[PDB]
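Note: the block below is start13.cif and it holds mmCIF, C-alpha atoms and all ligand atoms.
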```
data_start
#
loop_
_atom_site.group_PDB
_atom_site.id
_atom_site.type_symbol
_atom_site.label_atom_id
_atom_site.label_comp_id
_atom_site.auth_asym_id
_atom_site.auth_seq_id
_atom_site.Cartn_x
_atom_site.Cartn_y
_atom_site.Cartn_z
ATOM 1 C CA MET N 1 -16.351 11.880 29.841
ATOM 2 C CA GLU N 2 -15.233 11.482 33.477
ATOM 3 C CA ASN N 3 -12.538 8.744 33.027
ATOM 4 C CA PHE N 4 -10.600 11.111 30.788
ATOM 5 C CA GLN N 5 -8.125 13.712 31.799
ATOM 6 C CA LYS N 6 -8.263 16.217 29.018
ATOM 7 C CA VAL N 7 -4.963 17.390 27.911
ATOM 8 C CA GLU N 8 -5.622 19.701 24.930
ATOM 9 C CA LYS N 9 -7.888 20.580 22.087
ATOM 10 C CA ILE N 10 -6.268 19.231 19.019
ATOM 11 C CA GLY N 11 -8.496 20.788 16.447
ATOM 12 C CA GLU N 12 -12.067 21.359 15.515
ATOM 13 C CA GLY N 13 -12.654 18.471 13.212
ATOM 14 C CA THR N 14 -15.763 18.135 11.117
ATOM 15 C CA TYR N 15 -18.103 15.947 13.158
ATOM 16 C CA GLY N 16 -16.933 17.612 16.326
ATOM 17 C CA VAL N 17 -14.224 18.373 18.633
ATOM 18 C CA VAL N 18 -11.200 16.289 19.153
ATOM 19 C CA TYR N 19 -9.045 16.588 22.300
ATOM 20 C CA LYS N 20 -5.904 14.854 23.278
ATOM 21 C CA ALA N 21 -6.866 12.979 26.387
ATOM 22 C CA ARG N 22 -5.534 10.599 28.926
ATOM 23 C CA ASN N 23 -7.377 7.662 30.383
ATOM 24 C CA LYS N 24 -7.005 6.993 34.053
ATOM 25 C CA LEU N 25 -7.705 3.268 34.210
ATOM 26 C CA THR N 26 -5.407 2.427 31.331
ATOM 27 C CA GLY N 27 -2.903 5.303 31.353
ATOM 28 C CA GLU N 28 -3.184 5.651 27.653
ATOM 29 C CA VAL N 29 -2.894 8.879 25.753
ATOM 30 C CA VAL N 30 -5.799 8.986 23.201
ATOM 31 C CA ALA N 31 -7.865 11.144 20.867
ATOM 32 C CA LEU N 32 -11.310 11.859 22.117
ATOM 33 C CA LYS N 33 -13.862 12.936 19.594
ATOM 34 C CA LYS N 34 -17.010 14.619 20.739
ATOM 35 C CA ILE N 35 -19.575 14.037 18.055
ATOM 36 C CA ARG N 36 -21.461 17.154 17.084
ATOM 37 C CA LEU N 37 -24.983 17.762 18.337
ATOM 38 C CA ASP N 38 -27.408 15.924 16.087
ATOM 39 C CA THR N 39 -25.689 13.634 15.491
ATOM 40 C CA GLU N 40 -25.269 13.370 19.266
ATOM 41 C CA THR N 41 -28.559 14.429 20.555
ATOM 42 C CA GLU N 42 -31.199 13.263 21.045
ATOM 43 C CA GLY N 43 -29.565 10.304 21.491
ATOM 44 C CA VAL N 44 -27.731 8.713 18.702
ATOM 45 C CA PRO N 45 -29.752 7.078 15.954
ATOM 46 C CA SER N 46 -29.749 3.290 16.506
ATOM 47 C CA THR N 47 -28.093 3.180 13.135
ATOM 48 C CA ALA N 48 -25.362 5.639 13.857
ATOM 49 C CA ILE N 49 -24.394 3.455 16.816
ATOM 50 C CA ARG N 50 -24.597 0.223 14.853
ATOM 51 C CA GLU N 51 -22.588 1.478 11.932
ATOM 52 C CA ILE N 52 -20.012 2.905 14.217
ATOM 53 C CA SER N 53 -19.911 -0.376 16.107
ATOM 54 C CA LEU N 54 -18.711 -2.084 12.939
ATOM 55 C CA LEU N 55 -15.717 0.266 12.623
ATOM 56 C CA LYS N 56 -14.417 -1.147 15.879
ATOM 57 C CA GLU N 57 -13.709 -4.442 14.177
ATOM 58 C CA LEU N 58 -12.125 -3.063 11.016
ATOM 59 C CA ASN N 59 -8.528 -2.915 12.282
ATOM 60 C CA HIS N 60 -5.480 -2.429 9.913
ATOM 61 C CA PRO N 61 -2.030 -1.092 10.619
ATOM 62 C CA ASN N 62 -2.734 1.985 8.368
ATOM 63 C CA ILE N 63 -6.108 2.799 9.810
ATOM 64 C CA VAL N 64 -6.244 4.664 13.066
ATOM 65 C CA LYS N 65 -7.702 2.370 15.612
ATOM 66 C CA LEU N 66 -11.183 3.083 17.049
ATOM 67 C CA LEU N 67 -10.401 2.232 20.694
ATOM 68 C CA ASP N 68 -13.833 2.833 22.220
ATOM 69 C CA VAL N 69 -17.382 4.212 21.758
ATOM 70 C CA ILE N 70 -18.772 5.698 24.914
ATOM 71 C CA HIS N 71 -22.515 5.861 24.251
ATOM 72 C CA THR N 72 -23.659 7.536 27.366
ATOM 73 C CA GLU N 73 -25.718 10.501 28.643
ATOM 74 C CA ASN N 74 -27.249 10.559 25.132
ATOM 75 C CA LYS N 75 -23.901 11.870 24.115
ATOM 76 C CA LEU N 76 -21.535 10.206 21.721
ATOM 77 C CA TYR N 77 -17.743 9.987 22.163
ATOM 78 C CA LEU N 78 -15.165 8.202 20.190
ATOM 79 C CA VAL N 79 -11.874 7.299 21.420
ATOM 80 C CA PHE N 80 -9.182 6.866 18.790
ATOM 81 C CA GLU N 81 -5.462 6.158 18.971
ATOM 82 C CA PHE N 82 -3.489 9.286 19.145
ATOM 83 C CA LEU N 83 -1.131 10.509 16.477
ATOM 84 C CA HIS N 84 1.168 13.431 16.878
ATOM 85 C CA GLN N 85 1.013 14.892 13.335
ATOM 86 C CA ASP N 86 -1.136 15.282 10.353
ATOM 87 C CA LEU N 87 0.160 15.222 6.789
ATOM 88 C CA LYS N 88 -1.064 18.648 6.043
ATOM 89 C CA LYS N 89 1.181 20.181 8.683
ATOM 90 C CA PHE N 90 4.093 18.153 7.414
ATOM 91 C CA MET N 91 3.551 19.321 3.874
ATOM 92 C CA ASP N 92 3.410 22.860 5.285
ATOM 93 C CA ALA N 93 6.673 22.270 7.088
ATOM 94 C CA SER N 94 8.266 20.740 4.033
ATOM 95 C CA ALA N 95 7.251 23.544 1.737
ATOM 96 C CA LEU N 96 10.708 24.903 0.772
ATOM 97 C CA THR N 97 12.408 21.611 -0.155
ATOM 98 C CA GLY N 98 9.366 19.430 -0.985
ATOM 99 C CA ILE N 99 8.701 16.031 0.439
ATOM 100 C CA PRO N 100 11.383 13.541 -0.779
ATOM 101 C CA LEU N 101 10.290 11.121 -3.441
ATOM 102 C CA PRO N 102 11.046 7.926 -1.473
ATOM 103 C CA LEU N 103 8.834 9.273 1.300
ATOM 104 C CA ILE N 104 5.993 10.239 -1.021
ATOM 105 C CA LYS N 105 6.241 6.752 -2.464
ATOM 106 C CA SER N 106 6.161 5.067 0.882
ATOM 107 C CA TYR N 107 3.270 7.187 2.036
ATOM 108 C CA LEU N 108 1.325 6.449 -1.078
ATOM 109 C CA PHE N 109 2.042 2.703 -0.871
ATOM 110 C CA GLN N 110 0.694 2.450 2.705
ATOM 111 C CA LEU N 111 -2.356 4.596 2.105
ATOM 112 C CA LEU N 112 -3.276 2.334 -0.867
ATOM 113 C CA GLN N 113 -2.946 -0.721 1.388
ATOM 114 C CA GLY N 114 -5.472 0.552 3.993
ATOM 115 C CA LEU N 115 -7.930 1.764 1.362
ATOM 116 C CA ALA N 116 -7.700 -1.746 -0.177
ATOM 117 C CA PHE N 117 -8.447 -3.330 3.218
ATOM 118 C CA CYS N 118 -11.390 -1.032 3.842
ATOM 119 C CA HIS N 119 -12.726 -1.294 0.277
ATOM 120 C CA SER N 120 -12.648 -5.100 0.467
ATOM 121 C CA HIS N 121 -15.060 -4.889 3.371
ATOM 122 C CA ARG N 122 -17.128 -2.389 1.266
ATOM 123 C CA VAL N 123 -16.356 0.527 3.377
ATOM 124 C CA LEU N 124 -15.485 3.720 1.939
ATOM 125 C CA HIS N 125 -13.913 6.959 3.237
ATOM 126 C CA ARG N 126 -15.805 9.692 1.289
ATOM 127 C CA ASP N 127 -13.721 12.574 2.595
ATOM 128 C CA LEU N 128 -9.946 12.017 2.189
ATOM 129 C CA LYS N 129 -7.861 15.136 2.794
ATOM 130 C CA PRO N 130 -4.280 15.739 4.022
ATOM 131 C CA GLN N 131 -5.678 16.833 7.419
ATOM 132 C CA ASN N 132 -7.015 13.319 8.149
ATOM 133 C CA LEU N 133 -3.810 11.615 7.135
ATOM 134 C CA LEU N 134 -1.890 10.921 10.137
ATOM 135 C CA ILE N 135 1.708 10.206 10.662
ATOM 136 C CA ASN N 136 4.234 8.948 13.275
ATOM 137 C CA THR N 137 7.992 9.065 14.124
ATOM 138 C CA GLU N 138 8.484 5.579 12.716
ATOM 139 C CA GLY N 139 7.903 6.388 9.048
ATOM 140 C CA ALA N 140 4.155 5.696 8.954
ATOM 141 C CA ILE N 141 0.787 7.025 8.030
ATOM 142 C CA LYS N 142 -2.811 6.180 8.695
ATOM 143 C CA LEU N 143 -6.304 7.090 7.680
ATOM 144 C CA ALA N 144 -8.377 8.943 10.213
ATOM 145 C CA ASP N 145 -12.210 9.152 10.473
ATOM 146 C CA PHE N 146 -12.810 6.294 8.069
ATOM 147 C CA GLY N 147 -16.513 5.440 7.701
ATOM 148 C CA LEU N 148 -17.637 8.264 10.052
ATOM 149 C CA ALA N 149 -17.433 10.149 6.888
ATOM 150 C CA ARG N 150 -20.932 8.853 6.017
ATOM 151 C CA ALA N 151 -22.544 7.277 9.091
ATOM 152 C CA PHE N 152 -23.507 10.790 10.217
ATOM 153 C CA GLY N 153 -23.307 12.661 6.818
ATOM 154 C CA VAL N 154 -20.879 15.387 5.685
ATOM 155 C CA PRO N 155 -21.271 18.925 6.972
ATOM 156 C CA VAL N 156 -21.567 21.616 4.469
ATOM 157 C CA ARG N 157 -20.516 24.289 6.937
ATOM 158 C CA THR N 158 -17.574 23.216 8.882
ATOM 159 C CA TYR N 159 -16.966 23.939 11.847
ATOM 160 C CA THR N 160 -18.068 26.612 12.803
ATOM 161 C CA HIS N 161 -18.987 27.890 9.635
ATOM 162 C CA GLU N 162 -16.206 28.181 7.173
ATOM 163 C CA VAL N 163 -16.598 25.438 4.498
ATOM 164 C CA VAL N 164 -15.503 21.712 4.451
ATOM 165 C CA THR N 165 -13.339 21.691 1.243
ATOM 166 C CA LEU N 166 -14.378 20.537 -2.136
ATOM 167 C CA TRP N 167 -10.771 20.282 -3.389
ATOM 168 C CA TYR N 168 -10.653 16.516 -3.305
ATOM 169 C CA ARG N 169 -14.110 15.577 -4.432
ATOM 170 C CA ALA N 170 -14.567 13.251 -7.265
ATOM 171 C CA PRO N 171 -16.529 14.603 -10.243
ATOM 172 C CA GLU N 172 -19.320 11.938 -9.892
ATOM 173 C CA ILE N 173 -20.411 13.546 -6.620
ATOM 174 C CA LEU N 174 -20.135 17.016 -7.904
ATOM 175 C CA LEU N 175 -22.277 15.955 -10.832
ATOM 176 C CA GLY N 176 -25.031 14.699 -8.540
ATOM 177 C CA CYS N 177 -24.383 10.945 -8.640
ATOM 178 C CA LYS N 178 -25.931 9.339 -5.679
ATOM 179 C CA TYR N 179 -24.693 5.740 -5.623
ATOM 180 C CA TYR N 180 -21.070 6.251 -5.881
ATOM 181 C CA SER N 181 -18.351 3.800 -5.243
ATOM 182 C CA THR N 182 -14.932 3.030 -3.891
ATOM 183 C CA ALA N 183 -13.458 5.009 -6.858
ATOM 184 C CA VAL N 184 -14.161 8.280 -5.029
ATOM 185 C CA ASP N 185 -11.313 7.611 -2.577
ATOM 186 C CA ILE N 186 -9.138 6.718 -5.471
ATOM 187 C CA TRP N 187 -9.924 10.154 -6.969
ATOM 188 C CA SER N 188 -8.900 11.816 -3.640
ATOM 189 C CA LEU N 189 -5.655 9.996 -3.213
ATOM 190 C CA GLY N 190 -4.457 11.056 -6.663
ATOM 191 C CA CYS N 191 -5.326 14.658 -5.808
ATOM 192 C CA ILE N 192 -3.376 14.104 -2.584
ATOM 193 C CA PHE N 193 -0.451 12.628 -4.588
ATOM 194 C CA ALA N 194 -0.097 15.451 -7.037
ATOM 195 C CA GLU N 195 -0.050 17.879 -4.108
ATOM 196 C CA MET N 196 2.930 16.088 -2.570
ATOM 197 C CA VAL N 197 4.926 16.385 -5.761
ATOM 198 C CA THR N 198 4.017 19.922 -6.848
ATOM 199 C CA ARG N 199 3.620 21.662 -3.478
ATOM 200 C CA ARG N 200 0.267 23.095 -4.664
ATOM 201 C CA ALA N 201 -3.310 21.858 -4.633
ATOM 202 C CA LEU N 202 -4.204 20.272 -7.915
ATOM 203 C CA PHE N 203 -7.730 21.713 -8.015
ATOM 204 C CA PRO N 204 -8.475 24.431 -5.356
ATOM 205 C CA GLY N 205 -12.157 24.942 -5.859
ATOM 206 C CA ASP N 206 -13.964 27.457 -3.823
ATOM 207 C CA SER N 207 -17.444 26.478 -4.957
ATOM 208 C CA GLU N 208 -18.939 23.394 -6.527
ATOM 209 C CA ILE N 209 -19.045 24.894 -9.939
ATOM 210 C CA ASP N 210 -15.486 26.313 -9.611
ATOM 211 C CA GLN N 211 -14.395 22.865 -8.425
ATOM 212 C CA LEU N 212 -16.105 21.282 -11.403
ATOM 213 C CA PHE N 213 -14.754 23.702 -13.965
ATOM 214 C CA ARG N 214 -11.150 23.513 -12.453
ATOM 215 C CA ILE N 215 -11.213 19.815 -13.229
ATOM 216 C CA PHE N 216 -12.546 20.368 -16.692
ATOM 217 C CA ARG N 217 -9.909 22.934 -17.532
ATOM 218 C CA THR N 218 -7.012 20.594 -16.744
ATOM 219 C CA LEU N 219 -8.606 17.293 -17.628
ATOM 220 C CA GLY N 220 -10.982 18.246 -20.596
ATOM 221 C CA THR N 221 -14.769 18.557 -20.344
ATOM 222 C CA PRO N 222 -16.087 14.945 -20.271
ATOM 223 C CA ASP N 223 -18.001 13.628 -23.229
ATOM 224 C CA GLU N 224 -19.753 10.345 -23.810
ATOM 225 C CA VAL N 225 -16.561 8.862 -25.406
ATOM 226 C CA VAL N 226 -14.509 9.110 -22.291
ATOM 227 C CA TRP N 227 -17.372 8.877 -19.827
ATOM 228 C CA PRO N 228 -20.329 6.865 -20.907
ATOM 229 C CA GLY N 229 -23.361 7.963 -19.033
ATOM 230 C CA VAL N 230 -22.102 11.519 -18.345
ATOM 231 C CA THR N 231 -24.764 13.731 -19.870
ATOM 232 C CA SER N 232 -27.555 11.906 -18.163
ATOM 233 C CA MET N 233 -25.886 12.757 -14.828
ATOM 234 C CA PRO N 234 -28.206 14.833 -12.527
ATOM 235 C CA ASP N 235 -26.448 18.181 -12.493
ATOM 236 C CA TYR N 236 -24.879 17.860 -15.826
ATOM 237 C CA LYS N 237 -25.429 20.830 -18.015
ATOM 238 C CA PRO N 238 -25.174 20.835 -21.837
ATOM 239 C CA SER N 239 -24.190 24.443 -21.372
ATOM 240 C CA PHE N 240 -20.910 23.346 -19.613
ATOM 241 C CA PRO N 241 -18.008 24.966 -21.539
ATOM 242 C CA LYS N 242 -15.824 22.583 -23.404
ATOM 243 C CA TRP N 243 -12.141 22.783 -22.436
ATOM 244 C CA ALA N 244 -9.305 20.671 -23.814
ATOM 245 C CA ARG N 245 -7.223 18.103 -22.001
ATOM 246 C CA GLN N 246 -3.987 19.379 -20.714
ATOM 247 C CA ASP N 247 -0.914 17.213 -20.834
ATOM 248 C CA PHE N 248 0.224 15.536 -17.677
ATOM 249 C CA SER N 249 3.840 16.549 -18.001
ATOM 250 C CA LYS N 250 2.725 20.158 -17.455
ATOM 251 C CA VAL N 251 0.416 19.630 -14.654
ATOM 252 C CA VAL N 252 2.584 17.615 -12.353
ATOM 253 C CA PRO N 253 6.281 18.233 -13.041
ATOM 254 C CA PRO N 254 8.602 16.629 -12.377
ATOM 255 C CA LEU N 255 6.878 13.263 -11.737
ATOM 256 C CA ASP N 256 8.509 10.409 -13.579
ATOM 257 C CA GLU N 257 6.850 8.533 -16.357
ATOM 258 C CA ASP N 258 5.610 5.667 -14.059
ATOM 259 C CA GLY N 259 4.295 8.227 -11.613
ATOM 260 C CA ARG N 260 2.318 9.866 -14.353
ATOM 261 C CA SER N 261 0.737 6.673 -15.578
ATOM 262 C CA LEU N 262 -0.201 6.007 -11.983
ATOM 263 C CA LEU N 263 -1.746 9.400 -11.614
ATOM 264 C CA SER N 264 -3.712 9.335 -14.756
ATOM 265 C CA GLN N 265 -5.357 6.006 -13.885
ATOM 266 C CA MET N 266 -6.478 7.454 -10.544
ATOM 267 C CA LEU N 267 -7.702 10.486 -12.388
ATOM 268 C CA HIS N 268 -9.828 8.615 -14.930
ATOM 269 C CA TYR N 269 -13.221 10.269 -15.431
ATOM 270 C CA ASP N 270 -15.281 7.222 -15.633
ATOM 271 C CA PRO N 271 -15.550 5.528 -12.254
ATOM 272 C CA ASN N 272 -15.472 2.039 -13.580
ATOM 273 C CA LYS N 273 -12.262 2.944 -15.283
ATOM 274 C CA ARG N 274 -10.343 4.324 -12.368
ATOM 275 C CA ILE N 275 -7.617 2.118 -11.066
ATOM 276 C CA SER N 276 -8.451 0.274 -7.839
ATOM 277 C CA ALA N 277 -6.365 0.321 -4.720
ATOM 278 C CA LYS N 278 -5.291 -3.297 -5.222
ATOM 279 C CA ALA N 279 -4.187 -2.924 -8.805
ATOM 280 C CA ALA N 280 -2.392 0.276 -7.974
ATOM 281 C CA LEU N 281 -0.318 -1.640 -5.388
ATOM 282 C CA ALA N 282 0.908 -3.614 -8.349
ATOM 283 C CA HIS N 283 2.080 -0.678 -10.428
ATOM 284 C CA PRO N 284 5.707 -0.290 -11.683
ATOM 285 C CA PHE N 285 5.781 2.955 -9.734
ATOM 286 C CA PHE N 286 6.210 0.892 -6.523
ATOM 287 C CA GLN N 287 9.273 -0.984 -7.913
ATOM 288 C CA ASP N 288 11.731 0.716 -5.631
ATOM 289 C CA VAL N 289 9.525 1.124 -2.527
ATOM 290 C CA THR N 290 11.344 1.479 0.771
ATOM 291 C CA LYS N 291 10.475 2.812 4.211
ATOM 292 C CA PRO N 292 12.204 6.094 5.110
ATOM 293 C CA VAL N 293 11.748 7.616 8.515
ATOM 294 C CA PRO N 294 10.703 11.280 8.365
ATOM 295 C CA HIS N 295 12.030 14.442 9.974
ATOM 296 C CA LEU N 296 9.970 15.454 12.780
ATOM 297 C CA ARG N 297 10.896 17.300 15.785
ATOM 298 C CA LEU N 298 9.354 18.140 19.142
HETATM 299 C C1 LIG B 1 -7.677 10.363 15.184
HETATM 300 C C2 LIG B 1 -7.957 11.550 16.103
HETATM 301 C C3 LIG B 1 -7.443 12.825 15.504
HETATM 302 N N1 LIG B 1 -8.306 13.548 14.757
HETATM 303 N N2 LIG B 1 -7.620 14.633 14.254
HETATM 304 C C4 LIG B 1 -8.136 15.557 13.281
HETATM 305 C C5 LIG B 1 -8.406 15.072 12.009
HETATM 306 CL CL1 LIG B 1 -7.881 13.444 11.658
HETATM 307 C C6 LIG B 1 -9.008 15.876 11.010
HETATM 308 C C7 LIG B 1 -9.356 17.218 11.265
HETATM 309 CL CL2 LIG B 1 -10.190 18.264 10.072
HETATM 310 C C8 LIG B 1 -9.070 17.713 12.534
HETATM 311 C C9 LIG B 1 -8.479 16.901 13.516
HETATM 312 CL CL3 LIG B 1 -8.190 17.677 15.018
HETATM 313 C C10 LIG B 1 -6.306 14.601 14.714
HETATM 314 N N3 LIG B 1 -5.288 15.458 14.460
HETATM 315 C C11 LIG B 1 -4.084 15.158 14.991
HETATM 316 C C12 LIG B 1 -2.945 16.115 14.656
HETATM 317 C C13 LIG B 1 -2.555 17.062 15.780
HETATM 318 C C14 LIG B 1 -1.674 16.597 16.771
HETATM 319 C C15 LIG B 1 -1.331 17.405 17.869
HETATM 320 C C16 LIG B 1 -1.881 18.703 17.967
HETATM 321 O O1 LIG B 1 -1.628 19.479 19.091
HETATM 322 C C17 LIG B 1 -2.734 19.197 16.965
HETATM 323 O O2 LIG B 1 -3.246 20.481 17.126
HETATM 324 C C18 LIG B 1 -3.081 18.376 15.853
HETATM 325 N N4 LIG B 1 -3.830 14.048 15.746
HETATM 326 C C19 LIG B 1 -4.851 13.186 16.020
HETATM 327 O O3 LIG B 1 -4.669 12.152 16.669
HETATM 328 C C20 LIG B 1 -6.114 13.437 15.506
#
```

Structure rendered as structure tokens:
Amino acid sequence: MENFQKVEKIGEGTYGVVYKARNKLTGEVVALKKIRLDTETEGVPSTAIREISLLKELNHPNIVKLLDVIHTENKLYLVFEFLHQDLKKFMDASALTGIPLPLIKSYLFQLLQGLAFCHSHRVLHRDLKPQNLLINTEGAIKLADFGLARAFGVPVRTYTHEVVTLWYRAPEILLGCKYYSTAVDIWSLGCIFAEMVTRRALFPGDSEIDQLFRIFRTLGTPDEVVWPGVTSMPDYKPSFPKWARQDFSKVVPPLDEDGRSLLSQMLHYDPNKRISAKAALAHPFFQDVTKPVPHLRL
């Protein structure tokens, strides 16, 4: 749009391209998202616009602010606050030491807080990944693309057409459940969390069935004792191999005992069992929470 001096592409990003931009009236430096053609053309659906218009109100310190919504020319453009780094890049930069525990803790504490806020208002993320977790020089972290991550509907090929990433999807969704809940985002965070401690992805699936089976190898195949309802689930197959539950000390060393109870609660199979974001805030794990300031440079 014509009020925006484009500064740089900052990454092709699911629903469409996101530039760093400057606005001339304000003088602010922002992130400008161009929302991919259909949904963009013909015209946005009256519903895409209305749902998006709700986001604008849903403001929390650990959600990236939706600054504006230029609906114009039958194009759709979303103007977010800018952040200099994502958490993936930081993990990548931290690879040889690891991220320090106190920082991990702080990150985790804050992410839980915004997910609780959103969740209260019945809004879910649906696609949490380290690349939409967004940090600043002041020891902070926010969720990006919250509630987009539905209003248009997730791309299978992404973008252009490498895949999304199934690494963080909750098993409900993989199994063909349709009316899933806030627990999904819970499932993702815990996958994020293990990745911070171990320096490897918990479950790197490269297909839906490899994603599924990767989970069952580590966590057991689910039965009706641990997950009541399971076998009636749409894509559930009686022919699924049964694997045994691995022990958590093996899978994410060296998390402490409180860390591992945390983790396991966010990894519960049954959705109505998984810990919520508001109980998790209460866990002994966050006893010693502080607020370190990280090591960037530029
Ligand atoms: C909220 C708007 C925004 N969206 N994305 C982004 C996300 Cl959240 C997910 C995905 Cl898959 C791709 C992108 Cl592109 C962003 N990435 C960065 C980090 C960044 C910062 C400076 C850069 O030059 C750069 O290449 C990347 N900074 C941002 O402000 C931002």

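Applied to this file, the PyMOL selection byres (((not hetatm)) within 6 of (chain B and resi 1)) selects residues 10, 11, 12, 13, 14, 18, 31, 80, 82, 83, 84, 85, 86, 131, 132 and 144 of chain N.
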
Those residues with C-alpha atoms, as a CSV table (one decimal), in the frame of the given file please?
```csv
chain,number,residue,atom,x,y,z
N,10,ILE,CA,-6.3,19.2,19.0
N,11,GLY,CA,-8.5,20.8,16.4
N,12,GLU,CA,-12.1,21.4,15.5
N,13,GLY,CA,-12.7,18.5,13.2
N,14,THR,CA,-15.8,18.1,11.1
N,18,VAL,CA,-11.2,16.3,19.2
N,31,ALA,CA,-7.9,11.1,20.9
N,80,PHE,CA,-9.2,6.9,18.8
N,82,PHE,CA,-3.5,9.3,19.1
N,83,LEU,CA,-1.1,10.5,16.5
N,84,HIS,CA,1.2,13.4,16.9
N,85,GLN,CA,1.0,14.9,13.3
N,86,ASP,CA,-1.1,15.3,10.4
N,131,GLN,CA,-5.7,16.8,7.4
N,132,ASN,CA,-7.0,13.3,8.1
N,144,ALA,CA,-8.4,8.9,10.2
```

Using only C-alpha atoms, which protein or nucleic acid residues come within 12 Å of residue N:135? Drop anything in the same chain fewer than 6 positions from it, and give the result as a PyMOL selection string. chain N and resi 61-64+81-91+103+106-107+110-111+141-144+293-296

Given the PyMOL selection byres (((chain N and resi 148-157) around 7) and not hetatm), the residues it picks as a PyMOL selection string: chain N and resi 14+39+48+51+125-127+145-147+158-164

Any chance you can output those residues with C-alpha atoms as a compact mmCIF listing (two decimals), keeping the file's coordinate frame?
```txt
# COMPACT_ATOMS: atom_id res chain seq x y z
CA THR N 14 -15.76 18.14 11.12
CA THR N 39 -25.69 13.63 15.49
CA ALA N 48 -25.36 5.64 13.86
CA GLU N 51 -22.59 1.48 11.93
CA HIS N 125 -13.91 6.96 3.24
CA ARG N 126 -15.80 9.69 1.29
CA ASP N 127 -13.72 12.57 2.60
CA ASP N 145 -12.21 9.15 10.47
CA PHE N 146 -12.81 6.29 8.07
CA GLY N 147 -16.51 5.44 7.70
CA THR N 158 -17.57 23.22 8.88
CA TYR N 159 -16.97 23.94 11.85
CA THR N 160 -18.07 26.61 12.80
CA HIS N 161 -18.99 27.89 9.64
CA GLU N 162 -16.21 28.18 7.17
CA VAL N 163 -16.60 25.44 4.50
CA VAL N 164 -15.50 21.71 4.45
```

Please measure the separation of atom CA of residue N:264 and atom CA of residue N:214, giving the value in Å to one decimal.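 The value is 16.2 Å.
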
Residue by residue, what does the PyMOL selection byres (((chain N and resi 185-192) around 8) and not hetatm) grab here? Present the result as a list in words. residues 115, 124, 125, 126, 127, 128, 129, 130, 168, 169, 170, 182, 183, 184, 193, 194, 195, 196, 201, 202, 203, 263, 266, 267, 274, 275, 276 and 277 of chain N

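Considering the residues N:212, N:177, N:289, N:7 and counting all atoms listed in the file, residue N:21 has its shortest atom-to-atom contact with N:7.
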
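Between residue N:69 and the candidates N:134, N:101, N:29, N:1, the tightest atom-to-atom separation, counting all atoms listed in the file, involves N:1.
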
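With distances taken over all atoms listed in the file, N:120 is the one residue among N:26, N:272, N:120, N:261 lying closest to residue N:58.
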
Just want the 10 Å neighbourhood of residue N:178, counted on only C-alpha atoms, with same-chain residues fewer than 5 positions away dropped. Output as number ranges by chain. N: 172-173, 233-234

Show me the residues around (2.5, 2.2, -5.8) - criterion: an atom at most 8 Å away, all atoms listed in the file counted - as a list in words.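 These residues have at least one counted atom within 8 Å: residues 105, 108, 109, 112, 262, 280, 281, 282, 283, 284, 285, 286, 287 and 289 of chain N.
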
Restricting to all atoms listed in the file, whichever of N:199, N:241, N:140, N:166 is closest to residue N:291 is N:140

One number please: atom CA of residue N:231 to atom CA of residue N:247, in Å, one decimal. 24.1 Å

Complete the atoms of stretch 252-262 of chain N to N, CA and C atoms and put them out as a CSV table (one decimal), keeping the file's coordinate frame.
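The result, written out as part_35.csv:
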```
chain,number,residue,atom,x,y,z
N,252,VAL,N,1.8,17.9,-13.5
N,252,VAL,CA,2.6,17.6,-12.4
N,252,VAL,C,4.1,17.4,-12.5
N,253,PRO,N,4.8,18.4,-12.9
N,253,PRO,CA,6.3,18.2,-13.0
N,253,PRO,C,6.9,18.3,-11.7
N,254,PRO,N,8.0,17.5,-11.4
N,254,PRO,CA,8.6,16.6,-12.4
N,254,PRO,C,8.3,15.2,-12.1
N,255,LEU,N,7.1,14.7,-11.9
N,255,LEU,CA,6.9,13.3,-11.7
N,255,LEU,C,7.4,12.5,-12.9
N,256,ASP,N,8.1,11.4,-12.6
N,256,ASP,CA,8.5,10.4,-13.6
N,256,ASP,C,7.4,9.7,-14.3
N,257,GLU,N,7.9,9.1,-15.4
N,257,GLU,CA,6.8,8.5,-16.4
N,257,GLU,C,5.9,7.6,-15.6
N,258,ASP,N,6.4,6.7,-14.8
N,258,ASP,CA,5.6,5.7,-14.1
N,258,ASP,C,4.6,6.3,-13.1
N,259,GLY,N,5.2,7.4,-12.5
N,259,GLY,CA,4.3,8.2,-11.6
N,259,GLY,C,3.1,8.7,-12.4
N,260,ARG,N,3.4,9.3,-13.5
N,260,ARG,CA,2.3,9.9,-14.4
N,260,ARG,C,1.3,8.9,-14.9
N,261,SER,N,1.8,7.7,-15.3
N,261,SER,CA,0.7,6.7,-15.6
N,261,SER,C,-0.1,6.3,-14.4
N,262,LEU,N,0.6,6.1,-13.2
N,262,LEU,CA,-0.2,6.0,-12.0
N,262,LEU,C,-1.3,7.0,-11.8
```
